[PDB]
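Just the one chain here, the form deposited in one PDB entry, laid out as structure tokens.
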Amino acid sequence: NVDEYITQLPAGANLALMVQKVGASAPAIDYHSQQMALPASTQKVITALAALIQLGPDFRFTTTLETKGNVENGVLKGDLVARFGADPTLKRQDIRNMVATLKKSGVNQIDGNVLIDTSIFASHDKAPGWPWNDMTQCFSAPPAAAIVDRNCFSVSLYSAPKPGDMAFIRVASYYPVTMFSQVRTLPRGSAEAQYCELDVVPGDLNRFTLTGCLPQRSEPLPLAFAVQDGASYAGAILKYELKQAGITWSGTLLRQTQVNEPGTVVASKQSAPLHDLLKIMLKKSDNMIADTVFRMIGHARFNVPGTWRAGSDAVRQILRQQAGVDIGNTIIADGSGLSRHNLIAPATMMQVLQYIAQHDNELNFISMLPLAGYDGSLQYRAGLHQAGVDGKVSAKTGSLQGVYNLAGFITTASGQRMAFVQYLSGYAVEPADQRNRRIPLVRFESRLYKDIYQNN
């Protein structure tokens, strides 16, 4: 009763839906299944499959400290190279530990430069089609080769005691960022409060200026921002840890972007295995893992510095050649599904899902998807809970402004496993319902998945 369920959805919402028994050639439900749609985070299903095929479940991201030169009386005669490898999980502590190791190896002094090597990747750290306005939010932090603590930092914004005085920014001293406040404090219920925005404006070298207005508050406003220049940020952390460890240097911090022969690895850190990271990515919808993986795929397949375009070409090739899926006129712009350039039909995603199901005993893939009523994004998906399908749906959510997708598998009343793709976009509510916007979605899903479960 797809058309009737659509009446639950806001005026003009667009649904493309396909449901199909695993291993069957014909769908049980086909509503606009050929129509292109924004996949949002369902794109991560494709990223996870292509990653497992190209890189394998045991791949690990790697970061190293390398020396190029002889060490004489504790003095490295040459450069220290910190070779970043797009590990989305690298932490300040890992840098501290690698420096401790460098020290313990006998290096007290560097007679040369400290090089921040990001040559594993090239071109922009932002995919085409990402909205500019989200770039300072942590969920959209540029997934660069140099990442430390997700390239996200927090700040506290304090209103001034006196109205008209600048609001005050508190930030932990260890973060190599520079914060400036041009935020005017307003009276508690002021005229300017309506249309005066509070904005973050990023500048070079990880400078941030906050601008606009802040109404007086009793509590500081917590804010978290994305680092725009990961290489500089990682360099500054490395510089700090070297100094704390008592290692001096005569040169400067420089970026190294061009491919080069590795020196002697003196310290290293490897991530958890790729399967573990893909699990986090799928359960929690982790954009940074998705997009580091995505540019890694292109780098590994074509033996070139990883770019968005190489990633896209690689994923298309892997799907066609290894998974037997010709994605045709599909557009793949990134790994996370953040890009508004991604375009894919339910029928194409269905072929991907059918491949995964057929090879699930090899891939151990379905266990990584959120299980309705248990974990990840579907721990409490109201429509699925109310449909009676908790524990019966393993699926990836995909949400962006105007988009509420689901793609995955459902075990129905007969015990039949069905792959399904729900692509719902053009979703908008009227201004007076914007912070209550999800109730129509719940109504729709409660009905559809009860229908699918009961009748199959």
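The term rigid core refers to the most C-alpha atoms you can superpose between the two forms while keeping them within 1.5 Å. In this text, residue numbers run from 1 along the sequence as written. Only residues modelled in both forms are compared.
Omitted here: the form deposited in another entry. The next part is about that form.
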Legend entry - Rigid core superposition between the shown form and the other one: residue from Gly402, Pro57, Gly391, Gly69 with Cα shift of 2 Å or more: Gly402
Inset, instruction - Once the core is aligned, please say if the CA of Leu15 is shifted by at least 2 angstroms between the shown form and the other one. - result: no
Legend entry - Where the chain shifts between the shown form and the other one once the rigid core is fitted, runs of at least 3 with Cα moving 2 Å or more: 3-11, 400-402, 438-444
